[PDB]
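FYI, in the authors' numbering the residues of the sequence shown are 2 to 359, 362 to 570.
Report on one structure; see the data block that follows.
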Amino acid sequence: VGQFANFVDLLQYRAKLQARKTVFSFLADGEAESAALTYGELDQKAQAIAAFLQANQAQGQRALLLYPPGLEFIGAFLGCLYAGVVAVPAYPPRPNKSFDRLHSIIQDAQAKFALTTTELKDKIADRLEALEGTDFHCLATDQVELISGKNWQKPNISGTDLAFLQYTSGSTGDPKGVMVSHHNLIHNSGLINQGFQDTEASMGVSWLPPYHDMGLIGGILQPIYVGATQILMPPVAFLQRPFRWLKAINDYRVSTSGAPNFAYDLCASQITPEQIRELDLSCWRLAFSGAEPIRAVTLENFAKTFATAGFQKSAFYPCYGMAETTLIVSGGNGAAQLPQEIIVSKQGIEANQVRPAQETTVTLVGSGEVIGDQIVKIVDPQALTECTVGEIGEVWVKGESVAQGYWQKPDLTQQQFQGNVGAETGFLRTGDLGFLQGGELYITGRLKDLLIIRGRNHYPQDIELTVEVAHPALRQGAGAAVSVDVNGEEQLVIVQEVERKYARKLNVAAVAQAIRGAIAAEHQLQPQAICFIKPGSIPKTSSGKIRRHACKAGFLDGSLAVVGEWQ
Ligand SMILES: CCCCCCCCCCCCCCCCCC(=O)OP(=O)(O)OC[C@H]1O[C@@H](n2cnc3c(N)ncnc32)[C@H](O)[C@@H]1O
Ligand SMILES: [Mg+2]
């Protein structure tokens, strides 16, 4: 299997060798199975959709993929690879929402096609025509006869051929289209397997959105890469009842599942003890965490809440990666049993130094060891010189999982993908800050979001964590720490959601004072302003990631859903 150059060849081969084995089973509610596909049916479905796409002149073109989580998305995604169509997966349109985000992806990709379901086509086709013109083709793929796969013309695919555009979340700016080659997919899939060590016998469950990163390349392609079986549920199923993820792990004897850090909090907070007694997670061998800061307290609370259910803390698999690196860059615990943690000086971190306290401490979790034949260096993002050990800088990645660049963004591509340092060339600039320690990669934050106030560096996620716990009225996961210019000086500004139960009785003065005291004590900052906003109103990506630049923009233009303000 490791001699396959691309996923079309590999799926066709698994469709022959394991024709009758279920590849995906979808639980639409997160509990009851509602649909399934074998390797045989997945491949036949891909060819039928591919042939439909080729007849519709989509080969070489970009096509939006607009699907609910489910098996129609997967077929349509593999249909694009089979057909030679540059797939652009995206979150589907929702009722009552504008198509601004999707129109902007269509504009940036210069896509002439949207692949979707019959139900969605009937609701969105005429709106898409209004936005995109008669030339734009909205195609439904869920009623294609499987007989049509006989007309499929296999393209001559090489690894360097572009496979799909992976749009970034939009956390720090507008989603940029990452050009993922067929070879990026194969190479990274091998990276994921070198670290996960899954086999044909593995069993996975994933609730992650299938549209991007972990849920796509990890949740869809990796089961296929290794010949395994993957159970799938929609994200909303888990967010509404976190029990269902761990219950799925229990019922199917899942070996490999994972989620961002917040999902582990959600299980530990929302799953009752009697539910815990229903669980046997002794089979859960690899519990990966990525897409967000990995928090030591989060790991410990999960391991302690579910120890009686047989979850072992050594199952935790920290990992780091991005769209620009296809997916995984680093992972694992090395030779340690548990995720490696360091206790370092907090003020050193604010000074780009990793060292013990000589002053307060922060506990940092490693995001794993760099997998395989790739290279990671820590580079000063301004002087473009390599850091020595104990120094924090921008994480630079060189390797064959590094994507081809950004779609139709030659300037930014040259800037971010042609990283030179010392005698080195060809490095990807991740835009993440971090450092190497003990063979592991630690990530401290995003360069673009870094707060530089009063001569010191501050990580926004550290301050937001301080603001959330400062008062019961404030919603966890729904705040932003941003810096604004006050007469030529950067100053802290807080945009923070309040709980709905607290939105009618809110004491702005008292709550703001609680926030000021917590920031003063933990960070030695004084906020210029605290903006209290309605629950659900903070600008987020479709994936839920806070758009910190947009909170600052909305604070500066008065367009936030304000409920209170202190200044
Ligand atoms: C039966 C067999 C089944 C088998 C299933 C197989 C599953 C395998 C897939 C699991 C591998 C996921 C590897 C992690 C990628 C993250 C995605 C992403 O994050 O992609 P992206 O949208 O581009 O966001 C980019 C920005 O997210 C920030 N970030 C990411 N990881 C961070 C961290 N560990 N710590 C701190 N920050 C972090 C960071 O800032 C980054 O630059
Ligand atoms: Mg990014």
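From the three backbone atoms N, C-alpha and C, an ideal C-beta is built for every residue, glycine too.
- One residue after another in chain order, those with a Cβ under 6 Å from a heavy atom of ligand 2 are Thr169, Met323, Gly434.
- The three-state secondary structure of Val392, taken from DSSP, is coil.
- By the C-beta density criterion, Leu140 is buried, having at least 16 other C-beta atoms within 10 angstroms.
- When C-alpha distances from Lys155 are compared across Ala56, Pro235, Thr391, the shortest belongs to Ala56.
- As summarised for the stretch 456-501, the continuous alpha helix (DSSP H) elements at least 4 residues long and confined to that stretch are 463-471, given in chain order.
- When DSSP states are grouped into helix, strand and coil, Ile541 belongs to the coil group.
- When the beta-carbon positions are compared, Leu267 and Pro236 stay at least 8 Å from each other.
- Relative to ligand 1, the beta carbon of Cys284 is positioned no closer than 7 Å to any heavy atom.
- Rounded to the nearest whole angstrom, the CA to CA distance from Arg519 to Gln529 is 7 Å.
- If you check the C-beta of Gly393 against ligand 1, you find no heavy atom less than 7 Å away.
- For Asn490, the number of other beta carbons within 10 angstroms of its own is below 16, and it is reported as exposed.
- Judged by their CB atoms, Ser545 and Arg128 are not nearer to each other than the 8 Å cut-off.
- Going by C-alpha positions, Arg507 is about 40 Å away from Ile107.
- For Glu525, the enclosing alpha helix (DSSP H) has its first and last residue at 511-526.
- By the C-beta density criterion, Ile378 is exposed, having fewer than 16 other C-beta atoms within 10 angstroms.
- Per DSSP, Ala288 is one residue of the beta strand (DSSP E) stretching across 287-290.
- Residue range 262-271 is occupied by the alpha helix (DSSP H) that includes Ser270.
- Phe289 has its CB nearer than 7 Å to a heavy atom of ligand 1.
- The beta carbons of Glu568 and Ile533 sit closer together than 8 Å.
- Within the stretch 122-157, complete beta strand (DSSP E) segments of at least 3 residues are found at 138-141, given in chain order.
- A distance criterion of 7 Å places the beta-carbon of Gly259 in contact range of ligand 1, judged by its closest non-hydrogen atom.
- In this chain, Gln231 is not harboured by any alpha helix (DSSP H); it is covered by the beta strand (DSSP E) spanning 230-233.
- Taking a contact to require three or more Cβ pairs closer than 8 Å, the stretch 78-90 and the stretch 203-221 qualify as touching.
- In this structure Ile329 is not in contact with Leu217, their Cβ atoms being roughly 13 Å apart against a cut-off of 8 Å.
- Counting only runs of 3+ residues, the beta strand (DSSP E) found wholly inside the stretch 178-220 occupies 178-182, 204-207, in chain order.
- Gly437 is bridged by DSSP to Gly396, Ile446.
- Ligand 1 never approaches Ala337 closely enough for any of its heavy atoms to be under 7 Å from the residue's Cβ.
- Under the three-state reduction of DSSP, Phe27 is assigned to strand.
- By the neighbour-count criterion, in which a residue is buried when 16 or more other Cβ atoms sit within 10 angstroms of its Cβ, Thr391 is exposed.
- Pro340 and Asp199 have their C-alpha atoms spaced approximately 19 Å apart.
- Closest in alpha carbon position to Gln313, among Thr327, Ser283, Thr388, is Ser283.
- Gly371 is the residue among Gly371, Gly178, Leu439 whose C-alpha sits nearest the C-alpha of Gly322.
- Ranked by Cα distance from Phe420, the options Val179, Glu342, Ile395, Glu471 are led by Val179.
- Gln223 has its CB nearer than 7 Å to a heavy atom of ligand 1.
- About 6 Å separates the beta carbons of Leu495 and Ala484, which is inside the 8 Å limit, making them a contact pair.
- Taking the CA atoms as reference points, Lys248 sits about 9 Å from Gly31.
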